[PDB]
Every structure is written in structure tokens, then in C-alpha cells.
Amino acid sequence: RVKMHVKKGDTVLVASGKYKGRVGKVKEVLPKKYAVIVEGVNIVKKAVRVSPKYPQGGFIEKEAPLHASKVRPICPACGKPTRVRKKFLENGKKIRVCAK
Amino acid sequence: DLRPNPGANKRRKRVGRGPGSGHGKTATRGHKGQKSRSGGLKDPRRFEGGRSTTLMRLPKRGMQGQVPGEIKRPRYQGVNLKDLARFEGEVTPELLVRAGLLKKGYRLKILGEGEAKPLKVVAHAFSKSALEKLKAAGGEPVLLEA
Amino acid sequence: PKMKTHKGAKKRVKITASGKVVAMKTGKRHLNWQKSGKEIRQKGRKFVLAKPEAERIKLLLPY
Amino acid sequence: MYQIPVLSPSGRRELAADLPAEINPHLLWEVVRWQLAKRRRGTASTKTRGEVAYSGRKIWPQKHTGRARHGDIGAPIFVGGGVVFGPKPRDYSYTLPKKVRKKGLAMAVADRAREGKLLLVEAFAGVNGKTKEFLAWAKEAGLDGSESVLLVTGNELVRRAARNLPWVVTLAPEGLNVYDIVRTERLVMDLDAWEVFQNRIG
RNA sequence: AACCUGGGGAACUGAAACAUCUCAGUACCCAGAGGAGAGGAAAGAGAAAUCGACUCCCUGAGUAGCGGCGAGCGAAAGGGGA
RNA sequence: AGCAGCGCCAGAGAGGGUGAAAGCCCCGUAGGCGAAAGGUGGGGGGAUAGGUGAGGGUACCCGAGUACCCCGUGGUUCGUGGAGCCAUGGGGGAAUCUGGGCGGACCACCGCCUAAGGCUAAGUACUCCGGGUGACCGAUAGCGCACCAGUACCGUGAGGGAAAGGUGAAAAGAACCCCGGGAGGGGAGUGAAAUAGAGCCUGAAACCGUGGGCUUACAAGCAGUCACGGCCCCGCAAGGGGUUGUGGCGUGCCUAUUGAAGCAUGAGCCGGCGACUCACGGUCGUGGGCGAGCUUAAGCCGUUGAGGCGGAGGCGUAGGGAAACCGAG
Ligand SMILES: [Mg+2]
Ligand SMILES: [Mg+2]
Ligand SMILES: [Mg+2]
Ligand SMILES: [Mg+2]
Ligand SMILES: [Mg+2]
Ligand SMILES: [Mg+2]
Ligand SMILES: [Mg+2]
Ligand SMILES: [Mg+2]
Ligand SMILES: [Mg+2]
Ligand SMILES: [Mg+2]
Ligand SMILES: [Mg+2]
Ligand SMILES: [Mg+2]
Ligand SMILES: [Mg+2]
Ligand SMILES: [Mg+2]
Ligand SMILES: [Mg+2]
Ligand SMILES: [Mg+2]
Ligand SMILES: [Mg+2]
Ligand SMILES: [Mg+2]
Ligand SMILES: [Mg+2]
Ligand SMILES: [Mg+2]
Ligand SMILES: [Mg+2]
Ligand SMILES: [Mg+2]
Ligand SMILES: [Mg+2]
Ligand SMILES: [Mg+2]
Ligand SMILES: [Mg+2]
Ligand SMILES: [Mg+2]
Ligand SMILES: [Mg+2]
Ligand SMILES: [Mg+2]
Ligand SMILES: [Mg+2]
Ligand SMILES: [Mg+2]
Ligand SMILES: [Mg+2]
Ligand SMILES: [Mg+2]
Ligand SMILES: [Mg+2]
Ligand SMILES: [Mg+2]
Ligand SMILES: [Mg+2]
Ligand SMILES: [Mg+2]
Ligand SMILES: [Mg+2]
Ligand SMILES: [Mg+2]
Ligand SMILES: [Mg+2]
Ligand SMILES: [Mg+2]
Ligand SMILES: [Mg+2]
Ligand SMILES: [Mg+2]
Ligand SMILES: [Mg+2]
Ligand SMILES: [Mg+2]
Ligand SMILES: [Mg+2]
Ligand SMILES: [Mg+2]
Ligand SMILES: [Mg+2]
Ligand SMILES: [Mg+2]
Ligand SMILES: [Mg+2]
Ligand SMILES: [Mg+2]
Ligand SMILES: [Mg+2]
Ligand SMILES: [Mg+2]
Ligand SMILES: [Mg+2]
Ligand SMILES: [Mg+2]
Ligand SMILES: [Mg+2]
Ligand SMILES: [Mg+2]
Ligand SMILES: [Mg+2]
Ligand SMILES: [Mg+2]
Ligand SMILES: [Mg+2]
Ligand SMILES: [Mg+2]
Ligand SMILES: [Mg+2]
Ligand SMILES: [Mg+2]
Ligand SMILES: [Mg+2]
Ligand SMILES: [Mg+2]
Ligand SMILES: [Mg+2]
Ligand SMILES: [Mg+2]
Ligand SMILES: [Mg+2]
Ligand SMILES: [Mg+2]
Ligand SMILES: [Mg+2]
């Protein structure tokens, strides 16, 4: 509960810092930390790997989660605050003026 | 006129003294110096001679008390007819207390200094002297009875 | 919290409208015997105090 | 002083007043000091060696131990121990003589008039509680927003308007008080209020 | 937890010793009550042919009085309030 | 998010967060809406239990080991006092309104009230609990506990009772090579920064060390100071800094004392903790408001860091006397 926010698995712009500007599908949202994942901060883990299984495990420059606040959702007009509007039955989220 | 300088009036200067210092008031306290300068001293007004007090003097106050004590009894408030001149109309217990110089003191007694303005002045008692003062220029009406 | 008046003093000392402190003279209640008329006549009246007079007033308070 | 600017549709009709002439600088202070002490919460407390937790067991013999004589760990020489003359909570209020409060109110409002900044108004065209309206009314009124303003008014909607403006201090008429008056640059008040200010004194 | 009521109930200490007195009906022990507990519709007040249950605050008042009349202790009625 | 440019919102410019300093990014804020279920709920409504008349006669009833009296005590402002009132351990022991109790011994008068059965909301007290706010603390503070604390540990036991918070924006937590058994390091790498590298922000002092400058093995010392001189260093020089050779001078600090370098007290050293406060009431002084006046207390209304109402009451305007009383005396 309450832990909910800005977006979810979908499409998003990053008004952040390093990746200020970039846009991308949020392949991840973890609310316990308040952090999403797009394709922005993606830094390098020199690490072999933690668990011995699967010998090699990757220097992978994997996708470093973001403060869920540095990303904004987006439509025809890109990057808008979200409004919540009620249909005739449910709750769908209109945007700064558009919808979806 | 703003919060800068509506400041205190060049002299209400709050400034308590501090006795831990090194220069001012120092090893000892504000004063001190010695011993029996610690947590207290016997009184020292009324009390400590160290000896037989200067209540060598002696109760005269005949009628100090009695178990049930104070005896209710009509007390009279002296008001001069010099502070009477202060107005014109019909001066009465109600009035002198209603504003000024009576104050619930069950009984009005006009008396004494000043010159009497010719007028009615009800009260519970007058001065042999003040009865004159005004009786020689106006109405003296006396207290209640029943 | 509110000093209490000192009843012992109340019971034996008046503070005069100017500010003096009056007491009955000591010495007139049984040392008595043969003492001049003067002696015990003189003892009959009130006197005025001094430095303890100030000590005195401190007690008689709401008084 | 005397002639104070009034507003209405029909224009500036500068009406007069009977506010003091002399401003006791000090007295204002006395009142502002007072408004500010009475508004305190007592709230700061600390534990004497009494309220502190530790047992009272005298910590050692005090003899032939050859450590320094001691009682309980509660004692303030001890770290963790109880505080000495640390603050208990308390009432900071005092009753400033009414007459003094009154003088001050006058003199405050007084001060601001002689300067010029006092403006009684009326033509509150700022219909409903919508900043943008009062913002407009403020414009065509000589309230650039450049100077701090204590709007005093009965009109709760006018109140609603000014509210969220950083340069403004809305406040019902009876709320008039000297800290606030001085606290600010311009005094602007509804005539219905300056009437009630004249009630408390006029 | 604390608050409350009843049964029981200290001493240091103060009095510049101390015993009455004080500390204090406090500390504590015990029984009970509860969202409170007590008190409560006059065999009352106390001096006005007056008031009109009870409880709480302001006041009365450090007054009335109590007191090895020491140290100290310390009301009520009435008045303003809830 | 700073600076700049041009905009907008505001019943919302409380506050928090986001890589630093954001009304407009995020969570909020103002304003406004919501309960099937459980709890609460006379505030509104309804109903039931109950309740309400006037005169005359009658003298039936109106709370018993009770009133009352005495002995012993308690409560009260009341300490045996002139000692009532209320309460009651012991003894005696009534009446039913021609009854009884009280109004401070007692009596007479006048007046008040109806004991010896019980119940009664509100106003009041408190704070384990939830929330809001702070001229409240900021890890030796604040609760004993910000941390896995009533723990560890200590006591047979009652019981006592600690210490211990902080990488970074993100773990990106340092692959890989090298020396080493490891630890730990050196490179490489990440990071804005790694003397931010993992009890890792800042990182003071005591304390230990390495390098450099001046200095010291015929010299006497509260360890410094004054002078001159040599050396080293900064500046073009006039100058300054460091060091100390010789000469002059020179009895630590605090405490306590007639008197301390004192062979009197205290102190290994450093860091942090550590002692004249507040409340009420007095009394002087002082800044100010008002003035023969001045001032409100609880509280009520307002607000939600707005004030106002509230004269009960207090101080003052008359003193003197033990008092009755009299009164500028
Ligand atoms: Mg941004
Ligand atoms: Mg002492
Ligand atoms: Mg002697
Ligand atoms: Mg005088
Ligand atoms: Mg004679
Ligand atoms: Mg008095
Ligand atoms: Mg204790
Ligand atoms: Mg403990
Ligand atoms: Mg030792
Ligand atoms: Mg503490
Ligand atoms: Mg209690
Ligand atoms: Mg003693
Ligand atoms: Mg003693
Ligand atoms: Mg003593
Ligand atoms: Mg008890
Ligand atoms: Mg219960
Ligand atoms: Mg309640
Ligand atoms: Mg109850
Ligand atoms: Mg009961
Ligand atoms: Mg009855
Ligand atoms: Mg009763
Ligand atoms: Mg009647
Ligand atoms: Mg004696
Ligand atoms: Mg007592
Ligand atoms: Mg109330
Ligand atoms: Mg109340
Ligand atoms: Mg514009
Ligand atoms: Mg901000
Ligand atoms: Mg809903
Ligand atoms: Mg609702
Ligand atoms: Mg109710
Ligand atoms: Mg009906
Ligand atoms: Mg019926
Ligand atoms: Mg009949
Ligand atoms: Mg009996
Ligand atoms: Mg009797
Ligand atoms: Mg007794
Ligand atoms: Mg008795
Ligand atoms: Mg006795
Ligand atoms: Mg009797
Ligand atoms: Mg009996
Ligand atoms: Mg009688
Ligand atoms: Mg009779
Ligand atoms: Mg709480
Ligand atoms: Mg709380
Ligand atoms: Mg605190
Ligand atoms: Mg701690
Ligand atoms: Mg620590
Ligand atoms: Mg805790
Ligand atoms: Mg053990
Ligand atoms: Mg790792
Ligand atoms: Mg390495
Ligand atoms: Mg390799
Ligand atoms: Mg091996
Ligand atoms: Mg390791
Ligand atoms: Mg840095
Ligand atoms: Mg560093
Ligand atoms: Mg390590
Ligand atoms: Mg380490
Ligand atoms: Mg270091
Ligand atoms: Mg060098
Ligand atoms: Mg040599
Ligand atoms: Mg050098
Ligand atoms: Mg020595
Ligand atoms: Mg020594
Ligand atoms: Mg010694
Ligand atoms: Mg030390
Ligand atoms: Mg030693
Ligand atoms: Mg004081």
C-alpha cells in the first residue's frame, strides 16, 4: 500500500542527471526502494560473479535502477503530469491534456 | 518602523551576573569567601540571633484570638467630604463604591477634611466635625435602621 | 510560594502609617515589685525600633 | 497622522482620523516583546538527578577504596547523570496592561499612516476566492507586490484571495495586533474593519 | 503506565540539641474501583428575616485561627466561573 | 532544483524528497469525497418506566442499641483549650412532629434543618495508547535503549545494568595480474572525490613514528625571559621566521593559610561532561503605561504562533486605640 507511484511497466522519459533526456521502456519498478529501471544508468560491475555456479557471470554493464522520481511518463505530447479520471465504471489515467 | 530597532529603550538591559568567570566573580561566588555560604543560612531576618531572639518584646495584642475567631460585626469605611467635592448630585454608599473610594466596606462614614459641597449625602454615620461642615450648607441624611 | 506572615510578630508589633515599628516596653511584668512609680509608669508606653525594625517589617508581609 | 487615503469606485476620497501624534518607540517593543513571549510553548525539559533512571546505591564505600568519594551515578558530575539547573517546562506569558496594548495598536497603525503606507479601501472587486482576482485588484490599486502587505478585512473571500501570496498577510479585523502591523510594510484595510479598529480605539 | 477510594502508615528532616510539634496522613504495604474514582439532593450553611445537592478553577487569604503562641500550620461563608 | 530567458498556478508559497539551492519534477499541501463490516453515538427522533390536585377530621407512620449522655480517640484552622460540630472503641439508653438535630461551653429567646437505608450524569484527575506542535536534545545530549536493551555482563536472590548511529548520488563493494600460507598490500578498474575502500563523512588533542633545518658530550637545572652573536629559511634591501652559544635576570599552577617554591592540598596527559537555576511571594532600583486612581483571576468568545471580552477580586485614597469607639486626629 501507499508505496505506489508515477509509473509501471511501460514508456518513460528520464529528466534525471546522467541520462537527462533519454527515453525508454521501464523494464523495472521496485517500490520498496522507490526505483525504476529503464536503460539509463547502466554502469559496469567488474565482478566475476557472486555464486560459484555458472562459472562466468558477467562484467555486465547492467541497468542501475533509478530514483523513480527522475523519470516521467509520456504521450503524443511527451512528458506530462498524470491526472486520474473516472470513466463510467473505472479509473483510467488522462495526461496533461491527452490520455493513456 | 520595522522589527529592526523597535528595540528595548536604552535601559531595560536584562543582564544577570555570572559567578563562574575567572575575572568578575570567581573562585567563590558572587560573594562568598568562607563557610555557611553553601545551601543556606538560618533565616536571617526574623531569626537567627544565634541566641535568644529579639522577641524579647511582648504581645500586647490583647484579643489575639478565640477558637471560632473573628466576630462578624459592621465595619465603617472612612471617606472624607473633601473627595466628596469631586461631584454634584446625591452621594450615597452605592455611588462612592460604584466608583472611587468605598469598596464593599459595609458602612459609609463621611468625615473630616475639605469643604462641603451643598448637597444630600446619605451614609451610615458622620463625623461630629463633618456633620457640621455640611449641615452648614446642605442635607445630612443618616443610615438605615431595620 | 507566598511567604506566610510571621504571626509571632503580628501578635506583638505594629507597623506605623509612616513606616515605624512600635512595641510595648519590656520589663513591666514581674521583675516588677518595688520599682519606682516612674519605673513602671515609663514601661507603660510603646517605643520605636531601629535596624531590627527593618528585620521586623520583613515578616509582617501581606500585613 | 490625520488625512488618510481611502478607496472606492468613485476614487481616492482621503478621509481623516484621530490616531496619536507621538510614537513611543519603546512601547511598541514592549507590546511586540509580549506578543512573542505569550506565544511560546514551555516544552523544553530535562531530568534532574531525580528523574534520571539509575539506582541510588552509593557506588563505593567512600574510604580506603582510594577512589574519589561518591554517591549514585545519578549525580550530575557523572556523565549520563542527571542535569543540574536544566529547564523544566514553563509559562512565558505575562499580562501586559491592556492600556499599553491599546496604545501600541494605535501607535502602530499610527506609525504606518504618517509614513504613507496605510490605505483604507472598499472597492473589493476581487469577487471570489481566487488569487488571480485579488492579484488583479491589487494591480489597479498600487499593490505591485513589491512591498509587504497586511490585508485586514472582514471579507473571508478577499482573505481567501490574498492568502497564498508570499508578500501578503491576510488577517481578520479583530486579529489586528502590533507585531503583525510592524512585521509588515503596508497596512491595507476594509473600511468595515478600520471601523472596528476604531472600536478597539477611535 | 499514571490517576482514584478505603484499611494500615514511617523516618531522615525542620525546630539551628530535643521529647510536644514538624516532616505527613507524605513514602510505602494492603484491599477495591474504573474510563475515571470519589462526592452528591441538607438533621447543610451562619447572621443576611439570606443562601439552596455535589464536584473543579479563580478569589476570599497567608486573612480567621492553630501553635513547646516556638519551628511552623493554616481554614470557611461569601463573590467570580465550569 | 543553482544562474539566465520567457511562462503559468494558487481556497494549494505548510513540509518532505529527487546527484546541490524546485510553488509548477516527485509525495504532499489548500479545498473536497468515502464504509459493505466492526466500534462509537440521545446530537436528532420515537417509544416505554415513572410522575403531577384542593379542604376537613383522625393522632396510625415517618429508618434503634440509633439519638442522647458519659469515658477513650479521630477528623476540622482547633495541640484539652471556654471546645462545639462530624465520626466512634466502652458504659447507660429515648422519643415519632407537644418528635428530634444545629446555630462553638451552658441557659433563654429567635431562627435553620429533618439523623440513624440506597442511587445519580456533567463539570474533575491521569497518560500505557494515537496524533499534532516546540525561542526541546542531536549519539558523553535526548529515554537506561536512535544500534537486536532491560539486553550483554554482575549478583544465590530481590536487584543492578552498559557499550555500540553516519562509504557513495548510486555498490558501481574494486574483475584481472603481481608479492604473501593467509593477512595485507602494489598495479589495473569504478567514482566528482578512494588519505570516501568497507565499523569506510568530517577526522581535532594526547600519544608513537619517518625525513629535514638549527642545536648539544667542562656542564648546574620552575627550563623561561632580556641582549649580542653564529647558522638555516622568506624578501631585491630595510625586514622577518626558525634555532641557541654566551651574558644578565628568575622560588611551578590551584588550594589553604599569619605565612607556600615549598619537604602543605589536588593534578600522568589530552578530549569531551561538569557547579549560582526556576516557580511562587517579598524588597529596593530601573524602562515604561495610566493616575486619585491603577489592575484584572479563573473563565468565555475569537484565532490556530490574532486578540478581545471578563471588575469577582487586589493595591491605593486615614489614622489612632487591646478594644468599644472616635476621626484629621
Ligand atoms: Mg530536474
Ligand atoms: Mg546548610
Ligand atoms: Mg542560649
Ligand atoms: Mg507611600
Ligand atoms: Mg498608668
Ligand atoms: Mg491583603
Ligand atoms: Mg531516585
Ligand atoms: Mg534502572
Ligand atoms: Mg591514586
Ligand atoms: Mg541523560
Ligand atoms: Mg496521587
Ligand atoms: Mg532537628
Ligand atoms: Mg541544625
Ligand atoms: Mg540545618
Ligand atoms: Mg491511605
Ligand atoms: Mg473496572
Ligand atoms: Mg471524562
Ligand atoms: Mg462518576
Ligand atoms: Mg459511591
Ligand atoms: Mg432526602
Ligand atoms: Mg450529607
Ligand atoms: Mg428565597
Ligand atoms: Mg520556646
Ligand atoms: Mg497539617
Ligand atoms: Mg470547561
Ligand atoms: Mg475547565
Ligand atoms: Mg506574464
Ligand atoms: Mg526544495
Ligand atoms: Mg471509495
Ligand atoms: Mg464524509
Ligand atoms: Mg454526549
Ligand atoms: Mg409521546
Ligand atoms: Mg402513565
Ligand atoms: Mg387537617
Ligand atoms: Mg454508644
Ligand atoms: Mg450533641
Ligand atoms: Mg484532634
Ligand atoms: Mg480533637
Ligand atoms: Mg498543648
Ligand atoms: Mg450545642
Ligand atoms: Mg459510640
Ligand atoms: Mg448560638
Ligand atoms: Mg426557645
Ligand atoms: Mg502519547
Ligand atoms: Mg505522543
Ligand atoms: Mg528536552
Ligand atoms: Mg546514549
Ligand atoms: Mg559515543
Ligand atoms: Mg524507545
Ligand atoms: Mg556470575
Ligand atoms: Mg561484491
Ligand atoms: Mg588490490
Ligand atoms: Mg586476465
Ligand atoms: Mg599451513
Ligand atoms: Mg579480507
Ligand atoms: Mg570532494
Ligand atoms: Mg583528506
Ligand atoms: Mg580490513
Ligand atoms: Mg577497520
Ligand atoms: Mg591525523
Ligand atoms: Mg631548512
Ligand atoms: Mg663544550
Ligand atoms: Mg630554517
Ligand atoms: Mg617538590
Ligand atoms: Mg606540593
Ligand atoms: Mg587538610
Ligand atoms: Mg582531573
Ligand atoms: Mg599524589
Ligand atoms: Mg521575584
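As a convention, Cβ positions derive from the backbone with ideal geometry for all residues, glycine included, and neighbour counts pool all protein chains shown. Any read-out appearing in this document is the output of simple, stated calculations on the displayed coordinates, not a laboratory observation.
Below, the figures for the structure above:
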{"item": "Dipole magnitude of the protein assembly as shown about its Cα centre (Cβ charges: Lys, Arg +1; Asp, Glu -1), debye to nearest 20", "result": "4140 debye"}
{"item": "For the protein assembly as shown, calculated [θ]222 nm from helices alone, where every DSSP H run of n ≥ 4 adds -39500 (n - 2.57)", "result": "-5000 deg cm²/dmol"}
{"item": "Cα shape, region D:80-202, gyration tensor, a/c 1.5 rule", "result": "prolate"}
{"item": "Region D:61-166: trypsin sites (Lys or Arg not before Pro) falling in loop per DSSP and having at most 15 other Cβ within 10 Å", "result": "D:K63, D:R67, D:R69, D:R90, D:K130, D:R163"}
{"item": "Under-27-angstrom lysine pairs by C-alpha in region D:32-110, whenever the two are 8 or more apart or on separate chains", "result": "9"}
{"item": "The protein assembly as shown - Kirkwood radius from inverse mean 1/r over Cα pairs (Å)", "result": "35.0 Å"}
{"item": "Selection from B:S21, D:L191, C:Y63 lying farthest towards where the dipole of the protein assembly as shown points positive, charges on Cβ", "result": "B:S21"}
{"item": "Cross-link pairs B:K60/C:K25; C:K20/C:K51; A:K25/A:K86; B:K133/C:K14; B:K25/C:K51 - those with Cα-Cα distance over 21 Å", "result": "A:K25/A:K86; B:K133/C:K14; B:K25/C:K51"}
{"item": "Rounded D (µm²/s) - chain B, Kirkwood Rh over Cα pairs, Stokes-Einstein at 25 °C, 0.890 mPa s", "result": "110 µm²/s"}
{"item": "Within the protein assembly as shown, percent of DSSP bridges classed antiparallel, to nearest 5", "result": "50 percent"}
{"item": "25 Å Cα-Cα threshold exceeded, pairs from A:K18/A:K46; A:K8/A:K33; A:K27/A:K100; B:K42/C:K11; A:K20/A:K80; B:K13/C:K4", "result": "B:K13/C:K4"}
{"item": "Under Karplus coefficients 6.51, -1.76 and 1.60, residue-wise ³J(HN,Hα) of region C:24-36 in Hz, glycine/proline x", "result": "7, 5, 5, x, 10, 9, 2, 3, 3, 3, 8, 9, 2"}
{"item": "Inter-chain Cβ neighbour average for residues D:183-190, partner chain, 10 Å", "result": "1"}
{"item": "Taking D:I4, A:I37, B:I110, A:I43 and counting other C-beta atoms within 10 Å, the order from fewest to most", "result": "A:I43, D:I4, A:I37, B:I110"}
{"item": "Charge dipole magnitude, Cβ of K and R +1, D and E -1 - region D:57-202, Cα centre, debye nearest 20", "result": "1440 debye"}
{"item": "HN-Hα J in Hz across region B:92-97 - Karplus 6.51, -1.76, 1.60, θ = phi - 60°, x for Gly and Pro", "result": "8, x, 2, 6, 4, 8"}
{"item": "For chain D, the longest site-free run once GluC sites (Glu not before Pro) in DSSP loop states with at most 10 other Cβ atoms within 10 Å are removed", "result": "D:23-139"}
{"item": "Alpha carbon centroid spacing (whole Å) that separates region D:39-105 from region C:16-54", "result": "51 Å"}
{"item": "Mean Cβ neighbour count within 10 Å, used as a protection proxy, ranking A:11-17, C:41-47 highest first", "result": "A:11-17, C:41-47"}
{"item": "Dipole in debye (nearest 20) - chain B, about Cα centre, beta carbon charges: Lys, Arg +1; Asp, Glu -1", "result": "1560 debye"}
